[PDB]
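# Structural characterization, general
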Amino acid sequence: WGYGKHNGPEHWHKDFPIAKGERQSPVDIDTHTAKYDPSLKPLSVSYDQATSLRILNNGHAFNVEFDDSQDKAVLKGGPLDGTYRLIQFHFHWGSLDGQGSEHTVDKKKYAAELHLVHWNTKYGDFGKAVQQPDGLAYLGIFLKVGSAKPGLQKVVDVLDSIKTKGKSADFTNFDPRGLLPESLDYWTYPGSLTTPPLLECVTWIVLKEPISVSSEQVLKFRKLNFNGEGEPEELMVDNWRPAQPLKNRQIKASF
Ligand SMILES: [Hg+2]
Ligand SMILES: [Zn+2]
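A chain's residues are numbered here from 1, following its sequence as written, a convention that may not match the entry; residues for which no coordinates exist are omitted. Each chain is given a letter, starting from A, and each ligand a number, starting from 1, according to the order in which they appear as written. Side-chain calculation: all heavy atoms of the structure are included, whereas hydrogens and water are not.

As deposited, the entry is annotated with X-ray crystallography as its determination method and 2.8 Å as its resolution.

Next up, the structure:
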């Protein structure tokens, strides 16, 4: 699988039949159809004790991994029931500033999309959460081109080190709190992973307010390689999956 024409999203259904499931992600968020649910509690993000370990190029993105052997960085409140632990974060960007996001608002697409992945700690490990309908919690944050995001530069500088697939580098003392928008207002719906296995275990929480980043910041992303070292260079761009059918699902708003 990949994002090319011969291994693109439109071919995933052959290896991952679930790609044609009933609760697939991403979806288009129709702000007029979204239903404001008053009984929705405020989001609770506690990343003050977060501990990043490394950054890795897995061939379809770059992952910032965190230490989740303890309730260091947690996500609770909101639509969620219990504690969810931060395991890793990654992005989805385009070839141009006109595309890159997996999620869209009123059919609009952003430069990129930040996804912070959390697993329901009553399941004890990550591997077991994927086996549950409420095993994961995803924080979707949209990125627009404008002013530079200061708290994102550490990441942008290390990319040269993980240019190719398989590469990794130590990445400690990184505070994810520098990547959140001002407001925690969100939309929530039942979904899945936007990459194979495409398991339908995720509880989506897409924040309303986007974070701006500079054109030179987004450009560093696009300099990454899908390919492994010593292989023909295939730039890591357009690593996003097209919106899927909501199929009866309902998208709720906290605002
Ligand atoms: Hg699941
Ligand atoms: Zn993602």
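Read on for the rest.
So, on to the coordination of the zinc ion (ligand 2). For a metal with four tetrahedral donors the ideal donor-metal-donor angle is 109.5 degrees, whereas six octahedral donors ideally subtend 90 or 180 degrees. Only nitrogen, oxygen and sulfur atoms qualify as donors, and only when within 2.8 Å of the metal (3.2 Å in the case of Na, K and Ca); with water excluded, sites may look incomplete. Around the zinc ion (ligand 2), the protein supplies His-90 (NE2), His-92 (NE2) and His-115 (ND1) as donor atoms, at distances of 2.2 to 2.3 Å. Going along the chain, you hit the donors of the zinc ion (ligand 2) in the pattern H-x1-H-x22-H. A residue pair is termed long-range when its members are at least 10 positions apart, and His-92 in strand β7 (residues 84–93) and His-115 in strand β9 (residues 112–120) qualify at 23 residues. Looking at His-92, the relative accessible area reads 4%, which means it is buried. Going along the chain from the N terminus, every DSSP run of H or I of four or more residues is numbered as a helix, and every run of E of two or more is numbered as a strand. Relative accessibility decides the category of a residue: with a 1.4 Å probe and only protein chains considered, values under 20% of the type maximum give buried, values over 50% give exposed, and everything between is partly exposed.

The next thing to look at is the side chain of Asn-225. The residue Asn-225 is located in the loop between α3 (215–221) and β15 (252–253) in this model. For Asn-225, a relative accessible area of 2% gives the class buried. A polar contact is formed between the side chain of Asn-225 and the side chain of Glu-233, at a distance of 2.7 Å. By definition, residues are in contact when any of their heavy atoms lie within 4.5 Å. Contacts of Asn-225, omitting those with residues within four sequence positions, involve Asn-57, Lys-163, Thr-164, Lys-165, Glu-233, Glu-234, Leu-235 and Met-236. Nitrogen and oxygen atoms within 3.5 Å of one another constitute a polar contact, given that in protein one can donate a hydrogen and the other can accept it, and given that sequence-neighbouring residues count only through two side-chain atoms.

Here the focus is the UniProt feature "binding site: substrate" in the protein. UniProt's feature table lists "binding site: substrate" at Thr-194 and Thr-195, given in the numbering used throughout. Counting through the fold element by element, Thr-194 comes out in the loop between β12 (186–191) and β13 (202–207). Note on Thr-194: relative accessible area 5%, which makes it buried. Not counting chain neighbours up to four residues away, the residues in contact with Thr-194 comprise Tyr-3, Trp-12, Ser-25, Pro-26, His-92, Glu-102, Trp-204 and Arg-241. A distance of 2.6 Å separates a polar atom in the side chain of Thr-194 from a polar atom in the side chain of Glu-102. Among the secondary structure elements, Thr-195 is positioned in the loop between β12 and β13. Excluding residues that lie within four positions of it along the chain, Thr-195 makes contacts with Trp-1, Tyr-3 and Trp-12. UniProt positions are given in the numbering used here, feature names are shortened, and annotations may be inferred rather than shown by experiment.

Turning our eyes to something else, we now look at the packing of aromatic side chains. Each aromatic ring pair is specified by the distance between its two centres and by the angle formed by the two planes. When two rings of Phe, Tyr or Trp (its six-membered ring) have centres within 6.5 Å they constitute a pair, described as stacked for plane angles under 30 degrees, edge-to-face for angles over 60, and tilted for the intermediate range. Tallied over the entire structure, the rule returns 15 aromatic pairs. Taken together, the ring pairs in this structure connect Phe-62, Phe-66, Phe-89, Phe-91, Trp-93, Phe-171, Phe-174 and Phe-221 into an aromatic cluster. We count a charge as sitting over a ring when the NZ of a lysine or the CZ of an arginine lies within 6 Å of the ring centre and within 35 degrees of the ring normal. The ring of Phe-171 carries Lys-154 above its face, with NZ or CZ at 5.7 Å from the centroid. Stacked on the ring of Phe-255, the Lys or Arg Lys-208 has its end atom at 4.0 Å from the ring centre.

The definition of a nonpolar core used throughout is a set of buried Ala, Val, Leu, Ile, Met, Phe, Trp, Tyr and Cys residues joined through side-chain atoms within 4.5 Å. By size, the foremost hydrophobic cluster in this structure holds 48 residues, and its most contacted members are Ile-55, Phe-62, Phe-89 and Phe-91. At the level of elements, β5 (62–66), β7, β9, β10 (136–145), α2 (153–158), β13, β14 (211–213) and α3 are the ones that each hand at least two residues to this core. Considering every element that reaches this core, the biggest residue donor is β7, with five residues. When near neighbours in sequence (up to four residues on either side) are disregarded, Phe-89 contacts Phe-62, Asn-63, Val-64, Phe-66, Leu-114, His-115, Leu-116, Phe-174, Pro-176 and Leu-179. In this structure, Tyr-110, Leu-136, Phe-142 and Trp-204 belong to the second largest nonpolar core, which totals 22 residues.

In the numbering adopted here, UniProt assigns the feature "active site" to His-60. Among the structural elements, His-60 can be located in the loop between β4 (52–57) and β5. When near neighbours in sequence (up to four residues on either side) are disregarded, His-60 contacts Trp-1, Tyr-3, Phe-226, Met-236 and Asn-239.

Here we come to the pattern of salt bridges. The term salt bridge refers to a side-chain nitrogen of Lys or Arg lying within 4 Å of a carboxyl oxygen of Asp or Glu. Following the criterion strictly, the structure yields nine salt bridges and no others. One salt bridge in this structure joins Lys-122 and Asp-134, with 4.0 Å as the shortest N-O distance. Residue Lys-122 is located in the loop between β9 and α1 (126–129), and its partner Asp-134 is located in the loop between α1 and β10; the two are separated by 12 residues in the primary sequence.

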